[PDB]
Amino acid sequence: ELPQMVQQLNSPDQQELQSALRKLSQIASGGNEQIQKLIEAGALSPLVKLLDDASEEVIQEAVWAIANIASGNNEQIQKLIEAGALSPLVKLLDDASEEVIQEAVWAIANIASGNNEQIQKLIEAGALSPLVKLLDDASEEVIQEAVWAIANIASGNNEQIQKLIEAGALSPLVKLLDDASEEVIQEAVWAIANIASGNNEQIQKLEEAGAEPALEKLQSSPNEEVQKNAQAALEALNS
């Protein structure tokens, strides 16, 4: 029963709370129809409120649940935004533990896979500066999630690409085109290719960041997905 589970999300007993959270998390990972049941049961507002509580154990499980709800359709992401999820998720990128940060980045990356109005709400919540910061100081595992989030934001409109440039994304993205991991290069090259499809001013900023020789190195890559994006970005730089 979902209504009792939702009620248990504001229970003083930490075991009853954690048990209700685990039950909710399992439902949230079961596809869009299961996510819809959570929305209809009014689970999103109490879930989001758990991002501010004292226990890092509770926050970790709540972030996991939110990240899975964010894998839902755009209307489901919209309900998560309406429940006030973005400001507390962005806040976790600054003061929470590395384990909590990784899950918050995954939630943000999933929200960024939504429509341009949803990417706009992420930008307004202040996601760009902490995401760009993660591209160089965080662990290889967190870098992979951060680049994917940025690649999703870069798929937005030219005004959103401009906000990424202003947040200082180009220098670390160019550096990640020569990263050891192919999965990192894949997202880095897609982000660059998206920025390359922007306006002439944005193309000039890519050239100034040294994208051209970095992209020329990748047009000989064994990974076919990397090769296509590199070629596209290079054709955009030479117009």
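Numbers for residues come from their place in the sequence shown, where the first is 1.
Here 24-32 and 57-65 are compared by their mean Cα B-factor, and 24-32 comes out higher. Look at the C-alpha B-factors of 68-76 and of 137-145. On average they run higher in 137-145. The PDB entry assigns its highest CA temperature factor, among 47, 192, 180, 41, to 180. Placement of the Cα temperature factor of residue 184 within the chain: highest third of the modelled residues, per the deposited record. Among the modelled residues of its chain, residue 93 has a C-alpha B-factor that falls in the middle third according to the deposited record. When the modelled residues of the chain are ordered by their C-alpha B factor, residue 196 lands in the highest third.
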